[PDB]
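Note that the numbering runs from 1 along the sequence shown for the chain. For the numbers below, each heavy atom of this structure counts, side chains included, while hydrogens, waters and symmetry mates do not.
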Amino acid sequence: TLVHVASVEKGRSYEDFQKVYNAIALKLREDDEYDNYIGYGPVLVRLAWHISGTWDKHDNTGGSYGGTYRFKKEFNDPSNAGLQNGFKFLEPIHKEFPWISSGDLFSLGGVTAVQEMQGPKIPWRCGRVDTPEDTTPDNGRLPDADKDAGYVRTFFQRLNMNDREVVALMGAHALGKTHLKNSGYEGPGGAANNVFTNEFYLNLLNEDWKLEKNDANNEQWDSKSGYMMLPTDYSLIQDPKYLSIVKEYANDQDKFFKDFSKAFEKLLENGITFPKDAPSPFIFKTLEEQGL
Ligand code: HEM
C-alpha cells in the first residue's frame with residue numbers, strides 16, 4: 001500500500017487556515033442564490049465526501065490526499081455530476097490562497113460548510129499534497145443509490161467505516177437535495193436543507209414514505225411533505241442494526257453531532273499518515289464566533 005505523509009504547507013499555521021476558512025465562509029454567505037437559495041453549503045459537503053470516498057483501504061489508492069478531483073478523469077466521473085459547482089465556488093478561494101493544496105482546499109470546504117450551517121465543529125488537519133494525473137483513481141469507486149442495506153454495509157467497509165459511522169455520515173442527507181439531471185433522483189430529504197440538524201433521522205422515522213418512480217424512471221421513497229429518500233437512505237430503517245442507530249440519532253442531537261464530527265474527520269483523513277510531530281488538528285472558529 002502507498003504511503004502519503006502529511007506535509008504542512010511551508011511556514012503555515014492555524015491563522016493561515018482560519019483565513020482560508022473565513023474566505024470560504026464569507027463567500028458562502030455572499031453567494032446565497034445558488035440552487036434556489038439553498039446556497040453552496042451542501043454541494044461543498046458533497047465535494048469533500050466525494051474526493052475522500054474514492055479511497056480504498058486495501059492499497060491506499062484514491063482518498064483526499066492527492067487532490068486528484070482537479071483532473072478530468074475524476075471531475076468527469078458520472079458519480080460527480082454537479083460537483084463542478086463546488087469546484088467553481090472554490091476557484092477564487094484558491095486564487096487568493098494559491099499556497100493551499102487542492103486536497104486541503106476541497107476538504108476544508110466541507111468542514112467550513114458544515115460549521116457555517118450550524119453543524120458540529122469538525123477538527124481538520126492540513127498537509128495533503130497534490131499528486132500527479134496518473135494517481136487519479138478510476139471512476140466507479142463511489143456508491144450506487146439504488147441498492148439495499150447489505151450493499152451499503154459492504155461498500156463502506158472499503159472506507160473502513162462501521163455501522164455507526166455509516167449511519168452518522170448519512171445524516172448529511174438532510175443537506176441540499178437530489179437533482180434529477182445530476183443523479184436521476186429528485187427532491188430534498190427535509191425542510192431545513194441548509195442548516196445542519198438530525199432531521200434526516202426524524203424524517204426517516206416519522207414521515208409516511210411511498211415507493212414511487214421519478215421522472216427518470218428510478219425508484220425513490222417520497223412523502224406528502226415533499227421529501228424523498230434514496231433506496232440506500234431508506235435501507236437504514238429496513239436493516240435492524242441500522243434502524244437502532246437511526247433511532248438513537250433521532251433522539252439525541254448532541255450524540256449525532258459528536259459522532260458525525262468524528263466520522264467526517266476520519267473520512268477526510270483516510271489514507272493520510274500524520275507524522276508524530278505534525279500540528280494538532282485545527283478547530284476553526286465560525287464567522288459568528290469571530291463577530292464577522
Ligand atoms: C450510500 C452512500 C451514499 C449515496 C448512495 C449517496 C447518493 C447521493 C445522491 C444520488 C445525491 C444527489 C446528487 C445530485 O443529484 O445532485 C447525493 C447528494 C448529497 N450527498 Fe450523498 N450519498 C451517499 C453518502 C453521502 C455521504 C457519506 C455524505 C457526506 C457525509 C453525503 C453528502 C451529500 C450531500 C451534502 C448531498 C447534497 C448535494 C447538493 O445538494 O448539491 N452523501 N447523495
Side-chain angles (χ1 to χ4, degrees), residues 4 6-9 12 16-28 31 34 39-56 60-71 73-77 79-87 89-94 96-117 119 122-133 135-139 141-143 159 169 172 175-176 182 196 260-261 263-272 274 281-282 284:
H4 291 318
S7 182
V8 177
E9 288 93 334
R12 304 289 168 178
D16 295 279
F17 298 100
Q18 180 76 70
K19 288 177 188 171
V20 181
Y21 177 108
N22 287 357
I24 295 165
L26 287 161
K27 192 180 174 62
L28 278 172
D31 298 350
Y34 173 77
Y40 280 94
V43 74
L44 291 182
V45 174
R46 202 193 194 221
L47 178 63
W49 138 240
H50 276 206
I51 63 96
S52 300
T54 58
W55 187 60
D56 186 340
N60 195 203
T61 55
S64 71
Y65 184 86
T68 54
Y69 174 87
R70 75 192 189 276
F71 296 118
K73 183 172 70 174
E74 188 170 344
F75 72 66
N76 288 331
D77 186 349
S79 300
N80 287 161
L83 293 182
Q84 303 94 331
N85 294 118
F87 185 84
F89 175 99
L90 294 172
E91 281 188 306
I93 308 298
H94 214 169
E96 184 175 359
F97 304 97
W99 53 263
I100 195 167
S101 68
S102 292
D104 280 359
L105 183 59
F106 304 148
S107 61
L108 183 54
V111 167
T112 304
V114 171
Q115 297 195 173
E116 291 298 303
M117 292 190 289
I122 318 288
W124 178 88
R125 303 185 84 162
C126 72
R128 297 166 189 77
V129 178
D130 285 18
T131 58
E133 192 155 16
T135 68
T136 305
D138 286 346
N139 297 174
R141 293 168 172 234
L142 294 161
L159 296 175
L169 287 167
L175 304 170
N182 288 342
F196 197 100
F260 180 89
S261 178
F264 196 64
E265 181 178 9
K266 176 179 167 176
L267 179 74
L268 274 46
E269 292 174 2
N270 274 336
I272 309 172
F274 293 97
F282 302 135
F284 300 112

Report task. For the residue pair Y34 and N85, confirm or rule out a side-chain donor-acceptor distance under 3.5 Å. Result -> yes
Report task. To the nearest 0.5 angstrom, please state how far the CH2 atom of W49 sits from the OG1 atom of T54. Result -> 9.5 Å
**Report entry** Distance (rounded to the nearest 0.5 Å) between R12 CZ and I100 CD1
**Finding:** 9.5 Å
Query - Those residues that, when tested against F264, pass ring-ring contact (aromatic ring centres under 6.0 Å, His included) (two or more places apart) - result: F260
Query - Sequence-distant partners of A263, side-chain contact (heavy atoms from CB on, under 4.5 Å), two or more places apart - result: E165, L169
Query raised in the report: How far apart are the closest heavy atoms of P123 and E269, and which atoms are they?
Result: O-OE2, 4.5 Å
**Report entry** Non-neighbouring partners of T135 that pass side-chain contact (heavy atoms from CB on, under 4.5 Å), sequence neighbours left out
**Finding:** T68, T131, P132
Report summary line: When every non-hydrogen atom of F106 is compared with those of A48, the smallest separation belongs to O-CB, 3.6 Å
Query raised in the report: From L159 CG over to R141 CZ, what is the distance, rounded to the nearest 0.5 angstrom?
Result: 10.0 Å
Query raised in the report: Distance-only, no hydrogens or angles: does the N80 side chain make a donor-acceptor pair with backbone N or O of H50 under 3.5 Å?
Result: no
Query - Cation-pi, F89 ring and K27 (6.0 angstrom, 45 degrees) - result: yes
Query - Heavy-atom closest contact (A113 atom, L28 atom, distance) - result: CA-CD1, 4.0 Å
Report task. Return the minimal non-hydrogen interatomic distance between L105 and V20, and the atom names on each side. Result -> CD1-CG1, 4.2 Å
Query - ring-ring contact (aromatic ring centres under 6.0 Å, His included) partners of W124, counting only residues at least two apart - result: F17, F284
Requested in this report: Determine whether the aromatic ring centres of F75 and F87 lie less than 6.0 Å apart.
Outcome: no
Query raised in the report: Between OH of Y40 and CD1 of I24, what distance do you get to the nearest 0.5 Å?
Result: 14.0 Å
Query raised in the report: Looking at CG of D31 and CG of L26, how far apart are the two atoms once the value is rounded to the nearest 0.5 Å?
Result: 11.0 Å
**Report entry** side-chain contact (heavy atoms from CB on, under 4.5 Å) between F196 and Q115, worked out
**Finding:** CA-CA 8 Å; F196 197 100; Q115 297 195 173; over 6 Å; no
Query raised in the report: Looking at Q84 and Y69, what are the two nearest heavy atoms and their distance?
Result: N-OH, 3.3 Å
Report task. To the nearest 0.5 Å, tell me how far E265 CD sits from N270 CG. Result -> 10.5 Å
Query raised in the report: Under 3.5 Å, is there a donor-acceptor pair between the side chain of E74 and the main chain of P137?
Result: no
Report summary line: Shortest non-hydrogen pair, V45 vs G110, comes out as CG2-O, 4.0 Å
Query raised in the report: With sequence neighbours left out, what residues match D130 under side-chain contact (heavy atoms from CB on, under 4.5 Å)?
Result: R70, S101, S102
Report task. Using modelled atom types only, decide if a donor and an acceptor are shared between the side chain of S7 and the backbone of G127 within a distance under 3.5 Å. Result -> no
Requested in this report: Kindly write out the residues that satisfy side-chain contact (heavy atoms from CB on, under 4.5 Å) with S64, not counting sequence neighbours, or none if the list is empty.
Outcome: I51, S52, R128, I272
Query raised in the report: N139 side chain to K73 main-chain N or O, any donor-acceptor pair under 3.5 Å?
Result: yes
